[PDB]
Every structure is written in structure tokens, then in C-alpha cells.
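**Student:** Have a look at the structure that comes next, please.
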Protein chains: 2
Amino acid sequence: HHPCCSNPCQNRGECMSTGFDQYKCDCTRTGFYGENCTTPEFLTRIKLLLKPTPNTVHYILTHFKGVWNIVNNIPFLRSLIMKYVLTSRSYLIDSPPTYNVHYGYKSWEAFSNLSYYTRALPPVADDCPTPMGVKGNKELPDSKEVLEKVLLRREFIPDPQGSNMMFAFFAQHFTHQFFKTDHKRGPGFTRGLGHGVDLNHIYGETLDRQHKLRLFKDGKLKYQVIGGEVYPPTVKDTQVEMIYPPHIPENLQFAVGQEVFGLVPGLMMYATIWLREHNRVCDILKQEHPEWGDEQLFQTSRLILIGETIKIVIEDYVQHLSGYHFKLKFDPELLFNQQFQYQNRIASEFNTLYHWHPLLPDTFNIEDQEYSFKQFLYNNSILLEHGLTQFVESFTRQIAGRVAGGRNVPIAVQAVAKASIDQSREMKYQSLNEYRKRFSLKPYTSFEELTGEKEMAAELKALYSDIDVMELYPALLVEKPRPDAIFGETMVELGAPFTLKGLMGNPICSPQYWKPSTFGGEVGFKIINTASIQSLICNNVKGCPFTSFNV
Amino acid sequence: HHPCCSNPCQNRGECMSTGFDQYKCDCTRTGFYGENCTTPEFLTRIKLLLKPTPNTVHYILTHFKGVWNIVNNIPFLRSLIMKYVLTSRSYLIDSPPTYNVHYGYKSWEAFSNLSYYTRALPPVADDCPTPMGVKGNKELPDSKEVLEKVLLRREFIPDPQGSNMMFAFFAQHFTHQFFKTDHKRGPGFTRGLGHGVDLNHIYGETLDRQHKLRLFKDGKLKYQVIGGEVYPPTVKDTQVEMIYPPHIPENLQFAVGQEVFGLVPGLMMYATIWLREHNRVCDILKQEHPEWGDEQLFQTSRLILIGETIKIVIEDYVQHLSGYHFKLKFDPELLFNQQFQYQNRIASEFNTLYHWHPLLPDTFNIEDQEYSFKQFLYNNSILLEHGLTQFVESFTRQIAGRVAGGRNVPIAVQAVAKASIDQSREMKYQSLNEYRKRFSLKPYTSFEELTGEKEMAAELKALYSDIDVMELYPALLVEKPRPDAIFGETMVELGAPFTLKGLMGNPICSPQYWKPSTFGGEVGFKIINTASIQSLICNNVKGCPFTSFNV
Ligand code: COH
Ligand code: COH
Ligand SMILES: */O=C(/[C])[N][C]1[C](O[C]2[C]([C][O])O[C](*)[C]([N]C([C])=O)[C]2[O])O[C]([C][O])[C](O[C]2O[C]([C][O])[C]([O])[C]([O])[C]2[O])[C]1[O]
Ligand SMILES: *[C@@H]1O[C@H](CO)[C@@H](O[C@@H]2O[C@H](CO)[C@@H](O)[C@H](O)[C@H]2NC(C)=O)[C@H](O)[C@H]1NC(C)=O
Ligand SMILES: *[C@@H]1O[C@H](CO)[C@@H](O[C@@H]2O[C@H](CO)[C@@H](O)[C@H](O)[C@H]2NC(C)=O)[C@H](O)[C@H]1NC(C)=O
Ligand SMILES: CCCCCCCCO[C@@H]1O[C@H](CO)[C@@H](O)[C@H](O)[C@H]1O
Ligand SMILES: *[C@@H]1O[C@H](CO)[C@@H](O)[C@H](O)[C@H]1NC(C)=O
Ligand SMILES: *[C@@H]1O[C@H](CO)[C@@H](O)[C@H](O)[C@H]1NC(C)=O
Ligand SMILES: *[C@@H]1O[C@H](CO)[C@@H](O)[C@H](O)[C@H]1NC(C)=O
Ligand SMILES: C[C@H](COCCO)OCO
Ligand SMILES: C[C@H](COCCO)OCO
């Protein structure tokens, strides 16, 4: 078998076979040397001694509220700290990207072919004696058994951070522009060839689809008016393909950028909000530029919405998730004197870690109704019936489920959770502890350490035998959460670098794009730099209801 | 008409219309302010004071040969200066890219759509009152008159820098992997979606084509043996489509990565040399790695050949063109502590400036034969008749034509030269002086200043009337050359940033790729770092004839 099966190279050293039974570690620029890249250089020694752990930094960022209140109001300091946040997270991501599901070594194919998700760790080689390389049993435990024993919800566990359904559906809507797995090809393939925040879930992945969605007057997107309210146009009207069961009535077959967004009225809520926002920004730009044509209105509005999206994701969405007292800032200028690559390739593991199934409630509570999954799925009539204002008011008040801490996956989506496990295995993912090392975390030394409790840990112990072959995805959902938090350490330490890299990597953050003229002048630039989840709702939903990502 | 038609914003300020008759300039980070971005900040004043002209720096780099001999032998010093060369040129190229033929403003469409060449300057708006904006006559002069008066060769003018046919065919072969105009869409579109040095002209642009060219044993490319010599395989054998006239026999339809390389036996010469090189590197890698399969052998060989190509282009090809006594260095590590974007998008103007028609001789002289263009075109029998060794010996000794200085386009390709002019106009290129300003050069203030002589200048004056509406492409070919040089200032000052960006922007130059393990270990890595045009020929051409890019 492949001599690198055991993953012998540490500290980001790269493993290469040098014969049938021999390997060589390439320790270049790792800060370590020796056979397995485990002997630290002197400066590396010092650095390691001084480095606080991720849990320590998390403690600091979530305490001393008085101090952060001062820091937050000293722009120089706020900028200083945010600069540090951006730069330290980014170093963990290979950019230009490297591996993918078919290439455990760098290749022009893996670099150039955008149909692949990229990989933060190379796959376990096909001929390794065990699924995780050399450790563990010949087969991993039955995925249904892992699912039933430690993932399925017994009783709803609410998020102690107060995340609500506005949050849950924003997470789903936002991330499905770049997690678009191409199941015709396989789980390691994506249909999202822009690999980031291009808002294809609003505008369409292809030019053909975009043009069917556009009005070609005033830069705007097509729409329909039902009971005096603006909604996306129909499939019949646009000839845009959408996934809908055959029985859905014509006028409820809403057509939007992302073909799966008819699946859940919570997605169509945001689809409708962002469609209205696009047209609103068209109106503003036309006021500023009576001389502009439809094409420039459309394109400039799209760039503005991309900026608004990134703004909201950082200052509302990530802000909420982080639990930090420090106020995060979206400010491309902070990187202009830093080394940083304005590009991004979506990693398969980023997709996997974002399978936040436990967020989903047992029922969807709108106004005085409590809809089951069966009632809610593919049912845009609920959106029409209640209207956006009531959707916002209701989802803002409904709490979502805790993601870490175990046993909180709703049985309604059990097949999705099992598939997350099965697909990780098909894609030959390395173990939890290999991923922890890859992101500079200490490997767990026991199952009890992983979960922080005894019952689930004993079940995992009997299932997996060795903590070093525990899998990434189930581990994320059973991990001991941070104190009163929605996530554990692994989720945050992998998720944050992928996220900040996907946001800041966008060309609109680069110096030649980040200027008022890109956005039609100071008026457009201001729309981006003042964007918030509250103003998005206030501008586009009748009655300007209060909203936020916490109950 | 568009109020930015006059190109009012200077110093890279960005022009935006603000009503039908008004514009505003965005002076962000230009170092200037004021209505047209012409008022310098104080720092800017200081910089412009201590900034030597490109002609001054050229003088320094092409004199004091004894001093440069010292410098070239002090690795620290050589590195410092090469680092400066790389970084100063870099800043002139927008990366991530901005405009294209259809977008004179930034847009997601121009950013994301790889089928376009990008644009260093936006196109002149469709409704401008003159072709160059507002200056000049309502129509540009007849392109036939420009061609006949100042571009067509009377007597052959040899390159005083001594460039030979090995050089001219290397230029064509190398650049045609990323200048691949998609004529069914238009001159502003490319089929080269890799936008750089990906060696698609050897391996094919698509996976389907690559797989048809590959042997699938030992990592190798398919080949044929004729009279004991290795050549590319046939169209019949591979089912690879190639462009050939109907009268070419089956056995002479060589199939290579780039569909057009059957056009010219000098291109097939290099195609054969590089195919041999790939298979040679496969043999070396297999010796190092008896455990590797075909796929990894093939992929790793490709990365090595990409590295070899960049190495040769910098240290032999650009070295020769430059005329510098300073010894240029291919060393990705020079950029690792610098701000630099590892990506590239091919500019239309980079394609246009590379239409080095005047390089071509009146006849192609191999052994004791002198082939006409009609005899030479599409005639791979010439290659088989003389063999590669004789091709190399002959083309190494045949001098090429001077590109700048005027009246040196061979009549055989007059239609190609006229097309360069016409297609620049179709793509609505701004004027020579706009491009000069765009690349920090002083606008020419007369036709005489442009040409350095009186006769062609007075022709051009009669044709164009105003030096500020002189066109870029014909100006490159008539420009006053540097002393005894192949090119004038404009060609170099535009071509060098585009070139160094296209070379260093490659992912193999990034720190996660530039490691021996990427290239199968220290032996594979050393192939890149010791590559040269001479070694490429020595290893792959019977007899190891001497070669270089000068006669
Ligand atoms: C982030 C939060 C989130 C939420 C709230 C959510 C809510 C819901 C929901 C009802 C509200 C339903 C019925 C589903 C059901 C599904 N989800 Co999610 N999903 C979420 C994150 C994801 C991600 C990430 C993917 C994978 C994307 C890909 O590759 O297509 C996904 C994929 C799926 C798939 C495709 C299965 C596959 O193998 O790719 C189904 C089915 N789902 N999910
Ligand atoms: C750099 C030197 C160079 C040389 C030596 C050279 C040598 C020769 C040669 C005989 C040896 C012949 C018969 C031609 C003839 C042609 N050249 Co060149 N070409 C060169 C650089 C280019 C470039 C660059 C293009 C545009 C490429 C595109 O968009 O495909 C080009 C395009 C062409 C075209 C198509 C026109 C177009 O609009 O693309 C023809 C025909 N030609 N050339
Ligand atoms: O789509 C999949 C999973 N496989 C395709 C393959 O797809 C390529 C993927 C995976 O290799 O990588 C990225 C490539 N994208 C680009 C832009 O290069 C994809 O093309 O493409 C192969 C070749 O096109 C397909 O294999 C073909 O081979 C046979 C011909 O000998 C056919 O009979 C096959 O059915 C198929 O057409 C492969 O299916
Ligand atoms: C490099 O890593 C290998 C593991 O892949 C080390 O070999 C192991 O060493 C431990 C402790 O010394 C033993 O318990 C194992 O039995 C060894 N396994 C194998 C497969 O050899 C090796 O010692 C490391 N090299 C260095 C210099 O530390
Ligand atoms: C890149 O842009 C080109 C030019 O707009 C696109 O080509 C057009 O595609 C539409 C359908 O989407 C066709 O109807 C036109 O015939 C095409 N025009 C030309 C000039 O070729 C191309 O689709 C775009 N590429 C992507 C990936 O969107
Ligand atoms: C919705 C949960 C259905 C579980 C069906 C499979 C039961 C196997 O799971 C068992 O469930 C018990 C009850 O929570 C636990 O006490 C055990 O630790 C667990 O192993
Ligand atoms: C869809 O929602 C409506 C309420 O708008 C509800 O009455 C209906 O039963 C739902 N449909 C299904 C199939 O559950
Ligand atoms: C700016 O340039 C325009 C040319 O369009 C010129 O008319 C005007 O005087 C300039 N303004 C200043 C302040 O120099
Ligand atoms: C092709 O080249 C051969 C020499 O190899 C020459 O004899 C022949 O005439 C050429 N063909 C044409 C059409 O000129
Ligand atoms: C999962 C990740 C957590 O970030 C929180 C701290 O940055 O954010 C969402 O993408
Ligand atoms: C035209 C340009 C000149 O380069 C010389 C660098 O000093 O090179 C093209 O690759």
C-alpha cells in the first residue's frame, strides 16, 4: 500500500512516496525539519511557547465586555484587531488551491478544473489498509448506527446563543450559492464554478439563466405582483428550470437563481427579499444615473448586492455566531498593505462542516400555525398566505437548534445526515484528528475529551475503537460546545478561515475594485458600507418589521 | 455622447458619467486629486522627482557591462535587483482583472467570464463622435494606406539584436498557448481559458483532447517513429482534430495540443521537441518513482514542463530580448515576502502588441534550400526531409526581422497585418498616447518624435493629422527603436509587465507549490531550475546541436 497511508508528515509537511515501501516528507517553509517535520526550528520553538490556544483567545474575545466596549470605539484599535483577525485566519488556507477528491498530489488538473471542490487535506489513498489510512478497524462503523446513537434528536435542544430561524434560513440561503454539489458527477464536484460570493443563487449560474430572469428594463429582475406584493416570477413565465414536485400550481412555481430554492418557503423568503433589494438598488442607481442603460444598471446593482452580502455576513452573521464582544468590521482597506490572495476555491470540507442539520426546529412556527416538515416542504402557499412581514416577525422569534453537543439532528432529515457521513467516506476524508492538526489544534486523546460527557463518548468508543479514526462530520455535531455556545472548537477553527477567505477573497475587495466608481459612485458605495440584516428587511419588507439573528 | 469619450481622467483615475453631459473622476489611490486627477499629492511630487525614465533605466541596464558582470556574480545583489524588476513591473497590471471589449466599467460579467480577453484600457464608448473618442477625424485613415505606406517591407531589415529563427518560432509557439483567438465569437474572445502558461498547446485545452493525446502508459504522450525519429502522432491515430488543408496526406497530419500548429513547420519543430521533453521527463520520474502510476507520472511531468517553460522564457528568451547585461533570474522565492497576486488574465492589448509580423524572413532557409511562404506553409514534409537537427542548425543561423523602426512586414502576410489594425479598431482600442499614459510613459508630441525620422512621420501626419489619434499597433511597428535594438520604448514598457505577470502569476510560482515535492522530489525540481533553450535542444534533438536565440 501507499507509504504515506499513515499520514506520517506533521506540521503541514508534504508526504511523497520514494519507492514502494518508503516516503519522504517535504518540510519546506513549515518551520520544522527532520524525517517527519517534527523537530522545530528555534524561532518555531519560541513561537509555540508564546501562542495562546484557540480556547484561550475565545475566552478573551468573549469576556472583558467593558474593555471591548472601549476597543470598539477606538477606530484605530478596532481596525488593528480586525486586521489581525483577517490575516491570521487566512494563512491556514492554500491559495492557489491544491488537492481534490481525485488528486492527493498537486497537479495542473486539480488546479485548473473548477468543477471540483478543492480539499484542505488530500484523500486517503485508495489502497490504504484502513479507511483512515492504517489505524482503526477494516471498516468504519455502520453510518446508520453512528447516526442513531449520537446524532438523532431525542428532544429539541435549543441554541443557547439564541440563533433564530432568520439566522438558520440565512445560513442556508447564503451558503447554497457556493455549496452546489453536482450529484451527477459525485460529492466531490460542484456546480458553483464561481467558487464564492457571486450571488448566482439570485442571478443564475449561467448567462442563459440570468437573461431569462432579467427584465431588461432599468437593470431589473423580472417579478410578479400577487395581492399587491412583489414575488419572483414563475417558471412558466421565464422558462427558468426549478425543482418542484409535479403537483405545485403554476403561480407558486417561483423561479429564482438557485434551482433548489423552491424546496423551503424560508429560502424563498430570502430569495424574494434579495430580488426586491436588487430592484430597489436599480431604482437608486437610475436616479443617480439617468444616462445609464439597462446593462450597466443591472451589473452595478449586482456588484452592490455582492458587497451588501459580504457586509452582512461579516458584521451581522459571523458577528452573531462568534459570540464576540469585539465588533467585527467589513473593510477591504485593512488588507491593502498585507499579503493576501484575492481568489477562492470552495473546499469540500467547508461544505461538509456546514451541514448544520441540527439548526432545524421540530416545526416551523408562523403566526399561529405550527407547520410540520411535510407541510412546509415545497409549499410556497405558506409564504403567500402569511406574507413576508409575518415570516420575518415569526422567524425572528423562533429559536433554532444547537449544532454541537450531540443528538440534535431532526429525524425528518436523517437521510441527509447519513449521506453527509457516507459521502465523506466515499471522498476518503482523513480523520477528525488529522483535520484538527491541519488547522493547528491539538488532537483529541479520548472520546470523552471530544464530547465533554460520558454516555455518547462510550457509544463512540464502542463504534470507532480509536479516537484517531473518529470522523470529522459526526465529531462536529457531537463535540463539546464552547460555554453556552452553538459550536465547539473544531467547527469554529475550521469554519472561520474558510469563511473569511471566501468573503475577502472576492475581487470586489481588491484595491482596483474597492472604490466608489465601481459601484456607481458614493451613493452605491454607501449602500454596501451601511448594509445590515435589519436594513435589508426594513427596505424590502412591508411595515419594516424588527429583525435580527438572535431571538 | 458618453461624457467620458474624451478620456478626461488622468493618472489611472476612473471616469464615470454623472448625467448625460457630465462626468466625475474617481481619484482613489492614484496619488493625485482634483477634477481630472492631475493635482499631485506632495508624496507624489517627491516620487515623480526621483523617478528615472524608462529610457534612462534601459541605458543603465545596457551599458557598464563590466559592472553588471560583477553584479551577476554576487547572488545577494543579483537577487535584490531581480526582485525590483519583478515588483515594479507588476503594479501596472490590474489583477484581479477589470475591463473587456464589452465592459468599459467593472462588472461581475467581465470579471467572471474567462472567454474574454481582458483590457488594460476600456474600449472607446460606442457613441463617441470619433474613433479615438473626441480627437481626430470622423474616421481613421484607410488601414490599407497605413499598411502600404509605413508597414510593408521593401528591403528586409535584419534585427540588430541578432534574433534568429529559433527565437521567432519560439515566440510564436510559446505565445500561441495563451493567444488563441475565438474567431467565431470575435477578436475580443479567447479559447485559452487557462489564461497563461498551462502548456495547453502541448497537452490540449480540454481533458477529452488531453486523453486522446496521452499514451496512458508511463505518463507519456502518444508518438510515432518515422525513419527512427520520434514525432507527434497522427490525427487518424488519435482522433484529435487539427486544422489542415484537404491535400495534406493522412500520414502528415500531425496531432498536437494546439489545433493550428500544423500550419508552420517551425511550430511543429517545437511541438516535437516539447513532446520529446515530456516523455524524457516521464522516464526520469519513473526512475525516481518506480511505484508511481501513469496519472501521477503524466501530471508531475506536466508541472515540470511548465516550470521549464517559465525558466527558459525568463532566462533565455526575455534575457535575449531585453539586451540587458544584467542576468535575469527565474526565482519564485523573490516574491514570497512581497505583495503579489498568483493569477493572470490575458489582455487583448498584450495579444495585439505581440503581432510581431516583421520578425518573419522573406524565405525560410534550411540547409541549402530557401523556402517561400507558399512552399513552407502547411508543409511538414520539410520537417521530415531535413530532420530536427538540421532545422535547429539552420534556424539558429538565420536572422529574423526588426520589429520596430517601420517598413518591415513581409508582403506575404500583409493581410494578417491589416487584420491587426482592423481588429484593434473593431475592439475600439484607445489611442497610442492613451496607452502610453496608461503605462506611465510620456505622450508623444509629434509623429517625428514617435518614429525618430522624417519620411514615415510625414506620411503618418498626412494620414492621422493628430499624434493623439495615432493607433497603438501600427505605432509599435514604426516606433523609433532603442539604439541597435529590436523594439521601441512602447513595446517594451507594455510587453514586460504583461509578460512578467503572465509568468510569475502561475500557481506553480506560489509558495504552496514551489517545493521539491510538487515536482516529484529534488531531481524533478532541478530539471526546472537548470532548464534552458540549449538543454531543451541538447536532450531532445539528435547530435545535441548548439543553439540560442541569437545568430
Ligand atoms: C447551513 C444550514 C442548513 C440548513 C438550515 C439546511 C436545511 C435543510 C432543509 C429544511 C429547512 C432541508 C429539507 C434540507 C435538506 C437537504 N440539505 Co440542507 N441545510 C443546511 C446546509 C446544507 C449544506 C451545506 C448542503 C450541501 C450542499 C451541496 O453540496 O449541494 C445541504 C444539502 C441538503 C440536501 C442535499 C443532500 C445531498 O446529498 O447533497 C438536502 C436533501 N444542506 N436541508
Ligand atoms: C510572436 C511572433 C509571431 C510570429 C513569428 C508569427 C508567424 C506567422 C506566420 C509564419 C511563420 C504566419 C503564416 C502567420 C499568420 C498569422 N498570424 Co502570426 N505570428 C506571430 C504572432 C501572432 C499572434 C500573437 C496572433 C494572434 C493570436 C490569436 O488571437 O489567435 C497571430 C495571428 C496570426 C493569424 C490569424 C490572425 C488573427 O486575427 O488571429 C495568421 C493567419 N500571430 N504568423
Ligand atoms: O463528469 C465526470 C465525473 N467525468 C467526466 C469527465 O469530467 C471531467 C472532470 C472529472 O474528470 O474533471 C473536470 C473536467 N472539466 C474540464 C473543464 O476539463 C471534466 O471534463 O470528463 C471526461 C472526459 O470529458 C468524461 O469521460 C468520457 O470518456 C469516454 C470517452 O472515452 C466516454 O465514454 C465517457 O462517457 C465520457 O464521455 C467523464 O465522464
Ligand atoms: C517518523 O514517523 C514514524 C511513524 O510513521 C515513526 O516510526 C514510529 O515511531 C514510534 C515511536 O518512536 C513507534 O512506536 C512506531 O512503532 C514507529 N512506526 C513505524 C511505522 O516506524 C518514526 O520514528 C518517525 N521518525 C522520527 C525521526 O521521529
Ligand atoms: C461569456 O460571454 C459570451 C459573450 O456574451 C457568452 O457567449 C454568448 O452566450 C449566449 C448564451 O449564454 C449565446 O446566445 C451567444 O451566442 C454567445 N455570444 C457570443 C458572442 O459567443 C458566453 O456564454 C459567456 N460565458 C459564460 C460562461 O457565461
Ligand atoms: C430519535 C432517537 C432514536 C434512537 C434509535 C436507536 C437507539 C440507539 O441509541 C441509543 O438511544 C438511547 C436513547 O437515547 C441512548 O440512551 C443510547 O445511549 C443510545 O445508544
Ligand atoms: C401547504 O400550506 C398550506 C397553508 O398555506 C396548508 O394548508 C397545506 O396543507 C400545505 N400543503 C401540504 C401538502 O401540506
Ligand atoms: C478637466 O479636463 C477637462 C477636459 O474634459 C477640461 O475641460 C477641464 O478644464 C479640466 N479641469 C481642470 C480643473 O483642470
Ligand atoms: C513541400 O516541401 C517539399 C520539400 O520537403 C517540397 O519539395 C514541396 O514542393 C513542398 N510543397 C509545396 C506545395 O510547395
Ligand atoms: C462557521 C464560521 C464561524 O465563524 C465564527 C467566528 O469567526 O462562520 C460561519 O461561516
Ligand atoms: C515585449 C516584452 C519585452 O520584454 C523585455 C523585458 O525587458 O517581452 C515579451 O515577452
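Following the order of the C-alpha cells, chains are lettered A, B, ..., residues in each are numbered from 1, and ligands are numbered from 1.
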Residues of chain B near chain A: apply a cut-off of 8 Å, count only C-alpha atoms, and supply the list as number ranges by chain.
**Tutor:** B: 14-20, 26, 28, 94-96, 105-109, 111-112, 194, 198, 288-291, 299-300, 302-303, 338-342, 507, 510, 512-513, 515-518, 520
**Student:** Any idea what's packed within 6 Å of stretch 472-485 of chain A, counting only C-alpha atoms, ignoring anything in its chain fewer than 2 positions away? Could you give it as a CSV table (one decimal) with N, CA and C atoms, in the first residue's frame?
**Tutor:**
```
chain,number,residue,atom,x,y,z
A,160,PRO,N,-28.2,27.8,22.8
A,160,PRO,CA,-28.1,28.7,23.9
A,160,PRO,C,-27.6,30.1,23.5
A,161,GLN,N,-27.1,30.2,22.3
A,161,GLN,CA,-26.7,31.5,21.7
A,161,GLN,C,-27.9,32.3,21.2
A,403,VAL,N,-26.1,23.2,17.4
A,403,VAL,CA,-25.4,22.4,16.4
A,403,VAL,C,-24.4,21.4,17.0
A,404,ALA,N,-23.6,21.9,17.9
A,404,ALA,CA,-22.7,20.9,18.6
A,404,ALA,C,-23.4,20.3,19.8
A,405,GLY,N,-22.7,19.5,20.6
A,405,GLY,CA,-23.3,18.9,21.8
A,405,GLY,C,-24.1,17.6,21.6
A,406,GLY,N,-24.3,17.2,20.4
A,406,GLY,CA,-24.8,15.9,20.1
A,406,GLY,C,-26.4,15.7,20.1
A,431,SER,N,-9.2,11.6,9.1
A,431,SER,CA,-9.9,11.6,10.4
A,431,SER,C,-10.1,13.0,11.0
A,432,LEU,N,-10.9,13.1,12.0
A,432,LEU,CA,-11.1,14.3,12.8
A,432,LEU,C,-9.7,14.8,13.3
A,450,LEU,N,-13.4,14.6,23.5
A,450,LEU,CA,-14.2,15.2,22.4
A,450,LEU,C,-15.6,15.7,22.8
A,451,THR,N,-16.4,14.8,23.5
A,451,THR,CA,-17.8,15.2,23.8
A,451,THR,C,-17.9,16.0,25.1
A,452,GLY,N,-17.0,15.9,26.0
A,452,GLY,CA,-17.1,16.5,27.3
A,452,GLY,C,-18.1,15.8,28.2
A,487,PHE,N,-21.5,26.1,18.9
A,487,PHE,CA,-20.4,25.3,18.2
A,487,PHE,C,-19.3,24.9,19.2
A,488,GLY,N,-18.6,23.8,18.9
A,488,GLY,CA,-17.4,23.5,19.6
A,488,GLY,C,-16.2,24.0,18.8
```
**Student:** Could you give me, as an NGL selection string, every polymer residue with an atom at most 12 Å away from an atom of ligand 5, counting only C-alpha atoms and all ligand atoms?
**Tutor:** (:A and (192-194 or 200 or 203-212)) or (:B and (100-103 or 108-118 or 182-191 or 193))
**Student:** Considering only C-alpha atoms and all ligand atoms, state which residue in the set A:399, A:527, A:67, A:496 is at the smallest distance from ligand 10.
**Tutor:**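 Under the stated criterion, the closest residue is A:496.
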**Student:** Which is closest to residue A:400 among A:162, A:249, A:136, A:75, if we use only C-alpha atoms?
**Tutor:** A:162
